[PDB]
Amino acid sequence: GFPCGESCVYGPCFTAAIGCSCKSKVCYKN
């Protein structure tokens with residue numbers, strides 16, 4: 001539910017490394 005400070009319009013969430021995921025073009029975790 002909290003933003004990881006990264007977007008994923010065209011690239012992946014490199015913050016997936018800390019458990020984030022792409023949710024409607026913005027990287028979030030919990």
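Including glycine, each Cβ sits where the backbone N, Cα and C put it.
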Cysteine of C4, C27 paired with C13 via disulfide, per Swiss-Prot: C27
Disulphide partner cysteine [Swiss-Prot] for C22, chosen from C8, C20: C8
Between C27 (disulfide bond) and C20 (disulfide bond): CA-CA distance (Å): 6
Nearest-integer angstrom distance between the alpha carbons (Cα) of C8 (disulfide bond) and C27 (disulfide bond): 6
